[PDB]
Structures are given as C-alpha cells and as structure tokens.
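So the chains spell out like this:
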Number of protein chains: 2
Amino acid sequence: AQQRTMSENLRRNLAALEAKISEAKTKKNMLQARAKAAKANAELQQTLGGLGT
Amino acid sequence: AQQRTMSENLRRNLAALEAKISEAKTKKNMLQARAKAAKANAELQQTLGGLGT
C-alpha cells in the first residue's frame, strides 16, 4: 500500500515533465525566429533614421 | 535458579533485536525510493518555476 502511493506520486510527475518539455519545444520553434527578426529590424531602424552611422 | 533468571533476560532481549532489525529492513525497502523521488521532484520544481537557471 505504501509502495503504491509512492509510485503514483512518481508516475504523475513524470507525465508533467514530459508535457513541460513538449511546451518548451513547441515555443522554441517560433522564439528562435522572433530573436532573429528583432535584431535585423533594430539594425534597419538605425538605417531608416540618422542615429549612429 | 539464578542462571535461569539471567538466561531469560538474555533470551527475551535477543527476540527484541531480531524484531527491530526486521522493522528496519521492512521500512528500508520504501525509504530508499522516497529519497530518490524527493530529489528528482525538487529538481523538477526548479524547472517548472524560474528559480535558479
């Protein structure tokens, strides 16, 4: 009875981590592109304006 | 008569130790798993949150 309670606690939190990794991988696809876009846009904003060289 | 009283005292406390070792072995089975579970869960709680890296 004790083992069964302990195992359930472990069985549940395993599912939570696997779901969490899935959540991270799903975002990581789009975040990488967001970071690339932002820098190029920032470089462009300087170009459009007079700021810097 | 003296020997018989002395021997009984020793005979009894032997049974108590053997029972005590049995009590320890029965718990040790489940305690080891409890200790493993707790650490992995703690590591996971940091992951779920923002705390640490």
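About the cut-offs
Residues numbered from 1 in each chain as written, not as in the entry; some residues may be left out. Chains lettered and ligands numbered in written order. Part of a larger assembly, values for the part shown. Heavy atoms only, no water. Helix = DSSP H or I, 4+ residues; strand = E, 2+ residues; numbered from the N terminus. Rg over C-alpha atoms; globule rule 2.2 N^0.38 Å. Buried < 20%, exposed > 50% of the residue type's maximum accessible area, 1.4 Å probe, protein only. Areas by Shrake-Rupley, 256 points an atom, 1.4 Å probe, with all protein chains shown as cover. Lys, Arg positive; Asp, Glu negative; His and termini not counted. Charge placed at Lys NZ, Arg CZ, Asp CG, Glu CD. Contact = heavy atoms within 4.5 Å. Buried area = accessible area lost by both parts, 1.4 Å probe. Salt bridge = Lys/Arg side-chain N within 4 Å of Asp/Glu carboxyl O. Polar contact = N/O pair within 3.5 Å; in protein donor to acceptor, adjacent residues only side chain to side chain. Nonpolar A, V, L, I, M, F, W, Y, C, P; charged D, E, K, R; others polar. Expected span 1.5 Å × (residues − 1). Bend = angle between axes of the 7 residues up to and from the residue.

For this deposition, the record names cryo-EM as the technique by which the model was determined and cites 3.9 Å as its resolution.

Visitor: Explain the overall build of chain A to me, and be specific about the residues and the numbers.
Guide: For chain A, the helix and strand inventory stands at one helix and zero strands. For a compact globule of 53 residues, the expected C-alpha radius of gyration is about 10 Å, and chain A comes in at 23 Å, more than 25% above that figure. With respect to the principal axes defined by its C-alpha atoms, chain A has extents near 75 × 15 × 10 Å. Taken over 53 residues, chain A has a buried fraction of 4%. On chain A, roughly 4,700 Å² of surface is accessible, and the fraction owed to carbon and sulfur atoms is 59%. Of the charged side chains in chain A, 10 are positive and 4 negative, and the gap between their average positions amounts to 1 Å.

Visitor: For the interface of chain B and chain A, give the residues involved together with the corresponding values.
Guide: In this complex, chain B contributes 10 residues to the contact, which on the side of chain A involves eight residues. Regarding the contact of chain B and chain A, the summed buried area is about 850 Å², with carbon and sulfur atoms giving 62% of it. Among the residues chain B hides against chain A, the three largest losses belong to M30, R34 and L44 of chain B. Together they make up 48% of the total. Applying the counting criterion to the chain B and chain A interface returns zero salt bridges. Scanning the region where chain B abuts chain A turns up one residue pair in polar contact. When the residues that make up the side of chain B that touches chain A are grouped by side-chain class, the tally is five nonpolar, four polar and one charged.

Visitor: A description of helix α1 (residues 2-48) of chain A should follow, citing residues and the corresponding values.
Guide: Taking 1.5 Å as the rise per residue, α1 of chain A with 47 residues should run 69 Å; its terminal C-alpha atoms sit 68 Å apart, in good agreement. Of all the bends in α1 of chain A, the largest measures some 35° and sits at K28 of chain A.

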